[PDB]
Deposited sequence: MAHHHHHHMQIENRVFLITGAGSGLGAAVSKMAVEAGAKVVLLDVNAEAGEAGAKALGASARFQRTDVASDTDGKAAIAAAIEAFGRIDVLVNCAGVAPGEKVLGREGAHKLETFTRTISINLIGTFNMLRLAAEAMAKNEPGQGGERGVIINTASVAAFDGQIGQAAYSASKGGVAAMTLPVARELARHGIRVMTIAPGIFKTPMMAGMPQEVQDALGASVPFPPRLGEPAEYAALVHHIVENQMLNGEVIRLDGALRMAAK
């Protein structure tokens, strides 16, 4: 709990978190509530999201959301403003991570599976960021003029994609590449934009694993979701982090297989 001078405040800030019913998004939601923030959990899975909001208590709300939907994205923003009056932080954690070869025995990679991965991972992340940015721009200027922080989730697959990861790598590389042009624009509103590229974490995302985990130099294990949430926490607090993609991966460099 020691902080630097001119650190940004996290207490009483309102977080919008996608994929919040599980894995990384669930961990960010827990971290934020435990740090004294408010959280609006967004997930397509109502059972998981309602359970998470219930477990977190009155600092949390759940809003069922398909992140690729214009309507649902707008409703998520509206839900946050209804509950807590503002939005300060968006963390995009919703994603899918299929494996499918370009060429298999049973044919070429289906176009629909590529399109779906792009839709959820990349279009969904953009949809939430454009709408969250619009809401954040309405905030009064905080310390140094800051109005909000947007944190996206890429993957080490954006850098070291394995056989079978064309769709996933394309989607996450697209997320990564957006960070800079979005940060450049949203600077005039005091909204920072950052991306975390996780390695292998213990989540439902990759539901072979053991072999990947054994290839992680140090620590020689799957990541704890709370370690991803810790980095989110630091990005929120450290105003100089902007426009960058941070690998959070134990120095993993994935092999082709």
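Residues of the deposited sequence that lack C-alpha coordinates fall in the stretches 1, 209 to 213.
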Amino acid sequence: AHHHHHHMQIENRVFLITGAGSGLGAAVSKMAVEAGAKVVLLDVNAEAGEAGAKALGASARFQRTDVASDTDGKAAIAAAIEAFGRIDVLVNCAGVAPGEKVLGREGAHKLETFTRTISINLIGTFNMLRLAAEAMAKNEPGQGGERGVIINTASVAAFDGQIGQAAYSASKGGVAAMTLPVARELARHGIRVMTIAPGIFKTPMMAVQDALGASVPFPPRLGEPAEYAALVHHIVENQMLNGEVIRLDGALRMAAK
From here on, numbers count along this sequence of modelled residues.
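For the pair 8 to 16 and 242 to 250, the record assigns the higher mean C-alpha temperature factor to 8 to 16.
As recorded in the PDB entry, 51 to 59 is the stretch of 66 to 74 and 51 to 59 with the greater mean C-alpha temperature factor. Across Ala211, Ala32, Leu42, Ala226, the entry's maximum B-factor at the CA atom is seen for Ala211. Within the listed group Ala83, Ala133, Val102, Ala170, the record reports its top CA B-factor for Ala83.
Among the modelled residues of its chain, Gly36 has a C-alpha B-factor that falls in the highest third, as given in the PDB entry.
When the CA B factors of the chain's modelled residues are split into thirds, the value for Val193 lands in the lowest one.
For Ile87, the recorded CA B-factor ranks within the middle third of the chain. Only modelled residues enter the ranking. The PDB entry assigns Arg147 a C-alpha temperature factor belonging to the middle third of its chain's modelled residues.
In this PDB entry, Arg116 carries a Cα temperature factor that places it within the middle third of its chain's modelled residues.
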